[PDB]
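Architecture and fold: a report
Here's the letter readout for the chains.
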Amino acid sequence: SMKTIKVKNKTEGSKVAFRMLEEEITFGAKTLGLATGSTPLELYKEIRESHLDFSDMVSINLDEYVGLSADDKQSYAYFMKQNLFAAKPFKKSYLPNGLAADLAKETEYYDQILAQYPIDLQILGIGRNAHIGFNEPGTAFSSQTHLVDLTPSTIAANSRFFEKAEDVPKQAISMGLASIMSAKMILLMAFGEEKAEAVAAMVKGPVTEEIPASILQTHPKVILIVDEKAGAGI
């Protein structure tokens, strides 16, 4: 089941997401899966300014860059601190350890954290090419937490923030598509013309690894919050 809520713009969609989030908490949600990127930024702002209280709750993020500490300003840990956790801390917030000595031990660890704390509500965006998290076209639907080689476009974009070419992460530790699908409820937010092709492929195309988001067709409880421009093809 995929319900679609069509909204005017990102501001409106973010407010709908907030109301839905509050309701899930009121009805007992305890573990949240969180998103990075620009998609959830207005949602996070609304949460920071709200009366929500995450003190008895757990959060789990999808990804961290290999080679970055949680204190590094380019890390997803730091992004989450700035945008959410400084204002609204959780009982515990998990992200992969980018500094892990053994990346295979770290991927196994993260899978076990997901088993220990199954996610009640996952907030998600969609990529222009229908990627989900760091899972690009071709990713197996069976994938659990895994090491991802960043796309060259991503590396080029991120390079602008480092010394220091040797310092630019080339990999991430990322929740896989099977990992993400385990959430009891998924809220996918998509805004702008740039997302329209991906949204149409997700909703109307075949289920195929060429379109990572297409696996969401098979999830029992996905709600799509899409503005008019992102929803143009559905």
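Structure determination for this entry, per the PDB record, employed X-ray crystallography and reached 1.600 Å resolution.

The PDB entry lists the chain under the name Glucosamine-6-phosphate deaminase, from Streptococcus mutans. The record lists the entry's title as "Crystal Structure of glucosamine 6-phosphate deaminase (NagB) from S. mutans". As its UniProt record puts it under Pathway, the chain is described as follows: "Amino-sugar metabolism; N-acetylneuraminate degradation; D-fructose 6-phosphate from N-acetylneuraminate: step 5/5." According to its UniProt record, the chain has this under Sequence similarities: "Belongs to the glucosamine/galactosamine-6-phosphate isomerase family. NagB subfamily."

**Some remarks on the sheet that holds strand β8 (residues 171–174)**
Sheet architecture is open: three strands sit in the order β4-β8-β7, paired in antiparallel fashion. With one partner strand each, in any of the chains shown, β4 (63–65) and β7 (146–149) form the two edges of the open sheet. Looking at each pair of strands side by side, their axes are set apart by 30° on average, direction ignored. Pairing geometry for β7 and β8, over four bridges, is antiparallel. Bridging from a neighbouring strand, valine 148 pairs with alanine 172 of β8.

Quick notes on the rules
Residues numbered from 1 in each chain as written, not as in the entry; some residues may be left out. Heavy atoms only, no water. Residues with missing side-chain atoms left out of burial classes, pairs and counts. UniProt positions renumbered as here; feature names shortened; annotations may be inferred. Pairing = 2+ DSSP bridges. Helix = DSSP H or I, 4+ residues; strand = E, 2+ residues; numbered from the N terminus. Axes fitted to C-alpha atoms, helices over the stretch in contact; angles between N-to-C directions.

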